[PDB]
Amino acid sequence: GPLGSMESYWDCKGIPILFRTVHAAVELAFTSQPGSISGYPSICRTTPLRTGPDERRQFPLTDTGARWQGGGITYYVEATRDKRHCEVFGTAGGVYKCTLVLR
């Protein structure tokens, strides 16, 4: 394939979740009605902000770059529409925040 250096990614217990994957998942989350993609996206309303509503959606991610196809959930993103908030989590062993590795 084409030569490329590593892009920014989230390290989820050793598995890299690429920025392009996360971006695509947020785009799908915000172009899909809540719950419609096999239960997702869901709405995170648990962090009211001093600046008012800023709708945050939760949506599954995959390690493959393929869009999630409705099955198990090992990784997920919580983000606003323009990704100004964007965090990635895993579920293995209990929910944990993945580590952003900037490249």
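Just count from 1 along the sequence shown to find any residue number.
The stretch with the higher mean CA B factor, choosing between 28-36 and 42-50, is 42-50. In the deposited entry, the Cα temperature factor of residue 57 places it in the lowest third of its chain's modelled residues. Placement of the Cα temperature factor of residue 20 within the chain: highest third of the modelled residues, per the deposited record.
In the PDB entry, residue 102 places in the highest third of its chain by CA B-factor.
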